[PDB]
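The structure appears below as structure tokens.
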Amino acid sequence: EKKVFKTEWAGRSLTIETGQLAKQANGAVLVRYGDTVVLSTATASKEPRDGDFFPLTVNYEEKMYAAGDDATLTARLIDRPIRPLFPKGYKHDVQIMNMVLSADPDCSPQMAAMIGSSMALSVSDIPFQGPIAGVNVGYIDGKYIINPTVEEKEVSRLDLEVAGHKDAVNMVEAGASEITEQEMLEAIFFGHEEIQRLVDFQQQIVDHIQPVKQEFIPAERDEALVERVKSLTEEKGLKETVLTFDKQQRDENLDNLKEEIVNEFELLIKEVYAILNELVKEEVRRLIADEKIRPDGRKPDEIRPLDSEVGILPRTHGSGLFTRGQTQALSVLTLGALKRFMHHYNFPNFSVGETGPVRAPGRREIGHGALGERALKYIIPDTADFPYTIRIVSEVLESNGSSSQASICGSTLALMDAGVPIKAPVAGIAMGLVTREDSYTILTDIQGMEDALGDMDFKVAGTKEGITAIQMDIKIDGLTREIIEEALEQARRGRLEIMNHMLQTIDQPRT
Amino acid sequence: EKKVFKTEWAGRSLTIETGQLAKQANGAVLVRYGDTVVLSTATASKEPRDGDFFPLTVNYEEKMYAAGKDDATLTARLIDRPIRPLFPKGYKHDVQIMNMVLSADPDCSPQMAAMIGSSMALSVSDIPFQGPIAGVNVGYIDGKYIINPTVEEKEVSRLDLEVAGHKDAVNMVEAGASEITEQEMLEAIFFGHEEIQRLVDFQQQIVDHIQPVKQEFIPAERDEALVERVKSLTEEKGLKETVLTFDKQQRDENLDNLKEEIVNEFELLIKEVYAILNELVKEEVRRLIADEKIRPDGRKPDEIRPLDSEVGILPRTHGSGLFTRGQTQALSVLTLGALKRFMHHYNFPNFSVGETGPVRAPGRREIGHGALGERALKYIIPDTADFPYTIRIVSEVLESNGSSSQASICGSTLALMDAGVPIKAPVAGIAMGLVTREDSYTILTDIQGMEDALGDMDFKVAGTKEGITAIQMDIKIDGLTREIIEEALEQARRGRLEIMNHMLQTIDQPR
Amino acid sequence: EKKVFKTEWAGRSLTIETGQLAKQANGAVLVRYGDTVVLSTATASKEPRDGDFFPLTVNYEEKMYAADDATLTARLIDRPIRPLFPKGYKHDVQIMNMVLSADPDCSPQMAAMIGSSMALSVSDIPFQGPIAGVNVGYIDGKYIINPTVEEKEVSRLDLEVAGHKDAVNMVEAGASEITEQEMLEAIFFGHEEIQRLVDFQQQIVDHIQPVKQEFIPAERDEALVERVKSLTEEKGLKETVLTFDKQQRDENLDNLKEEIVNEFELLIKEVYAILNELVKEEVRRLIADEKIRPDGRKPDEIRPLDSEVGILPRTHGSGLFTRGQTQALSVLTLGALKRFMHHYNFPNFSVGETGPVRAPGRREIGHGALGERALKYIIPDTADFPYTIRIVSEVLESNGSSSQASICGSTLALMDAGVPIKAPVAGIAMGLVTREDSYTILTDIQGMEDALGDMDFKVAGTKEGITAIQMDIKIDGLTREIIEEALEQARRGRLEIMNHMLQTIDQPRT
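Protein chains in written order, with this note's numbering: chain G, 1 to 511; chain W, 512 to 1022; chain X, 1023 to 1532.
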């Protein structure tokens, strides 16, 4: 029952095989892209899990014979464009595995696996709303190039990975040599045209295989029950509760507010909690679109209050503390004799007022560390005029916003503190989004609740001259070109404000 | 209250001490065999665990100081095998058995000392174990069998066998061999068992002296009438035809559903109905085989599942083989290197059985099957003298219903030929099964998961056309007679020969 | 809202900052002590956990850039902090300490200990401190606080004392065979500084004026207690307690409770709790009033002893030591040429239990190092005995003090092996029952006496003097007389034990 479908992808062949391998998986496909081979599978639990949480996991692993954080980064990469495309309220366990059986570094295993994963879900009976595809873009002598080779990347000014579906982009994640907003936005959409071909090719396959999807019947809310709950919510001043300034106190009051409504009033309880969460969600979203005020009283373009300090640790080579609202990071730098530069990120439970077991670095901590390292490596001096190794470790002492971005600001402080002759300071911020069908509002410097109840989390970092790194994921089907362009601009402003503050603290590398 | 009991075991002393050490354990014994010393203990939970599953664990560990300076996992699995089937049916207490090698003379097998240690500890305990059991190592030099050969005799034996069992029968065999005949193996087995019988004899005297007081296991007796009701609702809903569903996942789905309905008729009463259902399923399968001579995928006791294979499916790897037998499938990949010298690993992902779950480090089972594979193969691997390269093979189980471990041996033989390794001879393997009715027994060839689970044994044999290179067998009944054993070996010789025949269509000699 | 409070601590500055860092923690403080910096935090779960168990965790970690020990340090800090929470308070509390900068002359361990006290004291968590801790050395007859690295090279004592305003809470020490009075003085020299440190923390609390959360302890239903206390008297609780065999005692007690409860859900939780206190009381009463412990011993009698040497053929040295239902086997390996270490392993079968086997836990790492500390002082100079020495101790049974049994075991193994050691070493664990009328000190305690008693005070050393201590308590504090009496009675105890040990082997093999 083996079926082979073939095409071209940036000057080398792309083959997708199904029906032969891993047939107990809900769906499974083998991807040959040049000399790169990847087996991708998608499996779902039999019945759906309880509670309001969608367990979705993506793994990636490169076999020893195919030729250690990269695998974790890659798996996080593939999760991003796939996660938002499941019917709302679908809470089956879904696990997606990718095994790189053969790896030609000129033919991206990361991108092969991403398409592999899309295909495996698309042939499966799992109700995924793709296909999706992803692509790598470089930028050499003013020309964009798809899936550049190892040697072209040595020379590109951009290392971008874009992904999305038929009608829109889903995810971007990038590192760059300080390139303009418009250079980036063009790269994005050059990338998306190829994405569109790739999706096209996957749909023909789906049209040929004609898989039978499982039927997800989403329940329709009881108009009347909503109405009752929506009254007990209005009487107890939900609006004013939401507008509590302090993070922990806001969450405490909301919990309590819900904690009371539910006691009115088991399967009926599950509903009331769910109705409550949407009513909270709506209130927050309404306040922003209609009254232009966020739940800590800010306006869509205002950044949180900023504080910073340098040299706070006696014996360390460099040290920086950066505080933006209820998010705070301490970054520490060590120099060494003579991989050459790295940045780690640690997120303790106390940072969010929580108790729990202490572990080895998790997936998220590994992500943010590398994001930080990516944003910064472009401004680190040449080994030729500064022969030392540089390690930076960032500790998140408090968190409500973007620890990862705060750590980039922290680390820039530490680098200057330490007297590292860097190209230019770097700062970063995270952008948010509320869409109403009438229109959208872009939010600057978002807090946790805005990520959680918003539509995107779009992190941009770079210098005054331009962008050094991006990482973006979303919780709606797609982002239009004008929303991306606007976000980049408003993030350019945001970062500029932040570098301005940072230079009050230290205005150049120590001597 | 120290008591010392003494005897001879293959030309060296064997002493068993109890009453002094580890007296809070339900039972505990110290074993001195030559200069080897092992402390063995057996402990049971106070009350029995819930559900229909017998938690039994065996550990083995060799201290750092034991020599005056994966094997432990293999050894612990070895000791579990003959011990597990000998507990009263329905006994579901946690039982844990620990073995500590305090001193280790490699000429006096710590593995065997521990195995007898473990039997003794349970036998003196109040845990209702139905032994004793004992185990022995057999070599084969210039046509003579030898018990517990020394290191230097093993350098020269044609057989490395570990046999075990009780008073009246053999329980377990596990072996590696230089391509020896079926009768040469069966004799070794029963030479081994005569010594086993002495060892059991010696343990029984001890038990007769210590006179331990066992805990009283009252097995419930089934309600004749309730069985009858359930057995009708099962007959009306076509259990027989349900069982005969061809597709593995679909068979399990329908059976679950069938049970899923009967139970809803209809809490402590539910536990019973589920248990009654499982036995009725068990009986139907067993009946179909003994009486109608058809297995639940419609095969007959001697037919092997449909076979497919391929070589060279991975571009850049030195050797590559894909082997498919029914709904079980394995991909084996080979890497060559400069210059421990040969190894084989085995990986079993969850998707192989259509499951979701967390990915882990190699488990116990995966370590077992890997080594079983490596054992079956090492005998046919060339001398380092005429082929100076290291050889690693990794086998991935992409689907599973039968014997992954045997499929991986077939896969690896393909990969070795693919890679151009001048091997002695191809090797294949299979797993044999067994249904006993009191009237008579049927031996099953190439069993599927359900046949292992509801059958009486799982008897894996692998080797060349000239003879056997490896065995591993465990059982779920009290013992295996000599005629069954012999018949199984013969029918497994046929089975393997069929498989090598197919394999040679794919590749008929080393590339 | 940054606030900085400053003082002197043994000739160097001590600064405590709050209000700036880690403000989502219930409380948090930064400690600068010389060039050492430590951030300490204290966080509590929102609501209290179910069941009768207080989850309290302390972590400690020294960053890579700051320049088993971390586990030892974290266990150190837990000890004086644990007993000072209101009885029945069962919130998760976690306490973290991060050494951001570490000057080994200014103890990060002590900075963190005060850090942890401060973080709780500024928090809304109802901790009953402050507490503080201090290091004492002993050079040419003079005690010194927080000696530097180079002074420790030359001290005869490495002591860490801690406690609160009115009493000492915890001691843990290693020593070059020093007398009981020499130790007890060091302890109380240490406590005067502790008192300054607590004083300084109290002013801070008086300045910050934190608002504590209100812990309302329920009051027992006099009448329900009375009913339960009758069903307990009728079924012979007293006689049940006096069962000799450990497992059998626990089995009967479980069963006894198992019956009373069935009389008789939220009401059940109460009956179980009432039962546990009635058991607790019976045991305590028997000791104070009848002077008999629940295995029939008297407050000063040690359990029956047995020992053996050379039980393993091929190992360089081997010792088996049994004291009551606690038993340890210690094994020694010699090597070419960190130089001495002792490990401790505690399998589940040792207590008749089943469970998963793991990497060495926290407790096992503690006891191993306690053992190693007690012994290193008597191990020969590398000059006249050029070999590495590893000893591993296995606890085959346990009811008492495995850690002390392992020290006895290891001394046996060292002699067995022919190691020319300074002198044998033995150890024991002391216990305590306080009634408001008076107290009884218990020698060589069993598990139940630790669990239902007021302290667990382990002392080990030679005939000439003490080599190691480790003590924690379950009451607010220990007076000086109790701590002096315990040391003396532990000196006697150990002497008995060395006496027995020398019957087995009276000098290093030759």
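For each residue, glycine too, the CB sits at the ideal point set by N, CA and C.
Inset, instruction - Check each candidate in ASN537(W), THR568(W) and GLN694(W) and name the one with the smallest Cα separation from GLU977(W). - result: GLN694(W)
Inset, instruction - To the nearest angstrom, report how far apart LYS1068(X) and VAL94(G) are at their CA atoms. - result: Roughly 32 Å between the two C-alpha positions.
Inset, instruction - Could you list which residues in chain W have their beta carbon closer than 8 Å to that of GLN1347(X), in chain order? - result: Per Cβ cutoff of 8 Å: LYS534 and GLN535.
Inset, instruction - Take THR586(W) as the anchor and find which of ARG709(W), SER668(W), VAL908(W) and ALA882(W) has the nearest alpha-carbon. - result: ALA882(W)
Legend entry - As assigned by DSSP and simplified to three states, the class of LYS603(W): coil
Legend entry - Closest residue to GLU877(W) among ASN858(W), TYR890(W) and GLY884(W) (Cα-Cα distance): Cα-wise, what sits closest to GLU877(W) is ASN858(W).
Legend entry - Rounded Cβ spacing between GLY650(W) and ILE657(W) (contact assumed at less than 8 Å): Separation of the CB atoms of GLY650(W) and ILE657(W) is rounded to 5 Å, and the pair is thereby assigned contact status at 8 Å.
Inset, instruction - Identify each residue in the segment 1074–1085 of chain X for which the Cβ-Cβ distance to at least one residue of chain G is less than 9 Å, and report them in chain order. - result: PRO1077, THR1079, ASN1081, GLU1083 and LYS1085
Inset, instruction - Could you pull out every unbroken beta strand (DSSP E) segment of at least 3 residues lying fully inside the segment 859–921 of chain W, listed in chain order? - result: 901–910
Legend entry - Strand pairing of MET119(G), partner residues [DSSP]: Answer is none; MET119(G) lacks a bridge partner.
Legend entry - Partner residues on chain G for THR953(W), Cβ-Cβ distance less than 8 Å: Result: empty, since nearest Cβ-Cβ is about 28 Å, beyond 8 Å.
Inset, instruction - From the DSSP output, read off the bridge partner residues of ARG12(G). - result: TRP9(G)
Legend entry - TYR1111(X) to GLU1241(X) span [Cα, whole Å]: 14 Å
Inset, instruction - Just mark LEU1288(X) as buried or exposed, buried being the case when its beta carbon has 16 or more other beta carbons within 10 Å. - result: exposed
Legend entry - C-alpha distance - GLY367(G) paired with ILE217(G), whole-angstrom precision: 35 Å
Legend entry - Residue from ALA28(G), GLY34(G) and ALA22(G) with nearest C-alpha to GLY11(G): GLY34(G)
Inset, instruction - For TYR60(G), name the three-state secondary structure that DSSP assigns. - result: coil
Inset, instruction - Just the C-alpha distance for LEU1008(W) and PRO1021(W), rounded to the nearest angstrom, thanks. - result: Looking at the backbone, the Cα of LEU1008(W) and that of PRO1021(W) are separated by about 19 Å.
Inset, instruction - Kindly list, in the order they appear in chain G, the residues whose Cβ is closer than 9 Å to that of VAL1059(X). - result: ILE312, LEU313, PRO314 and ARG315
Legend entry - Stretch pair the segment 1120–1128 of chain X + the segment 1187–1204 of chain X: three plus CB contacts closer than 8 Å: No, they do not touch.
Inset, instruction - Express the C-alpha separation of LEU755(W) and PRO807(W) in angstroms, rounding to a whole number. - result: 5 Å
Inset, instruction - Look at the Cβ atom of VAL37(G), then the Cβ atom of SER117(G), and state whether they are nearer than 7 Å. - result: no
Legend entry - Local Cβ density within 10 Å of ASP1472(X), reported as buried at 16 or more and exposed below that: buried
Legend entry - Residues from the segment 1361–1377 of chain X in contact with chain W, defined by Cβ distance under 8 Å: Here the close residues are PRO1369, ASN1370, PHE1371, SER1372, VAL1373, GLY1374, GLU1375, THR1376 and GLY1377.
Inset, instruction - Using a threshold of 7 Å, state whether the C-beta atoms of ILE380(G) and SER331(G) are closer than that. - result: no
Inset, instruction - For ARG324(G), name the three-state secondary structure that DSSP assigns. - result: strand
Legend entry - CA-to-CA distance, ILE1153(X) to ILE1103(X), given in whole angstroms: About 7 Å.
Inset, instruction - Going by CA-CA distance only, name the one from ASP251(G), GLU271(G) and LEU198(G) that's closest to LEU225(G). - result: Nearest C-alpha to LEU225(G): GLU271(G).
Inset, instruction - Could you name each continuous beta strand (DSSP E) segment of 3 residues or more that falls completely within the segment 452–505 of chain G, going from the start of the chain to the end? - result: 456–462 and 467–474
Inset, instruction - Jot down the residue ranges of each uninterrupted beta strand (DSSP E) in the segment 751–826 of chain W, minimum 3 residues, whole runs only, in chain order. - result: Counting only runs that start and end inside the segment 751–826 of chain W, the beta strand (DSSP E) elements of at least 3 residues fall at 818–822.
Legend entry - Under 9 Å by beta carbon: chain W residues contacting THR389(G): Near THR389(G) there are no residues of chain W at all, since even the closest Cβ is about 31 Å away, more than 9 Å.
Inset, instruction - Please work out which residues of its chain come closer than 7 Å, Cβ to Cβ, to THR241(G), disregarding the five sequence neighbours upstream and downstream, and give them in chain order. - result: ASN253, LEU254 and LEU257
Inset, instruction - Please classify residue 548(G): is it buried, with 16 or more other beta-carbons within 10 angstroms of its beta-carbon, or exposed? - result: Given that chain G is displayed from residue 1 to residue 511, the structure contains no residue 548(G) and the question cannot be resolved.
Inset, instruction - Would you mind working out which of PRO599(W), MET623(W) and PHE757(W) sits nearest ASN610(W), comparing C-alpha positions? - result: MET623(W)
Inset, instruction - Use the C-beta contact count for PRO87(G): other C-beta atoms within 10 angstroms, 16 or more gives buried, fewer gives exposed. - result: exposed
Inset, instruction - Anything in chain G within Cβ reach of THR1063(X), meaning under 7 Å, just list it in chain order. - result: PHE350
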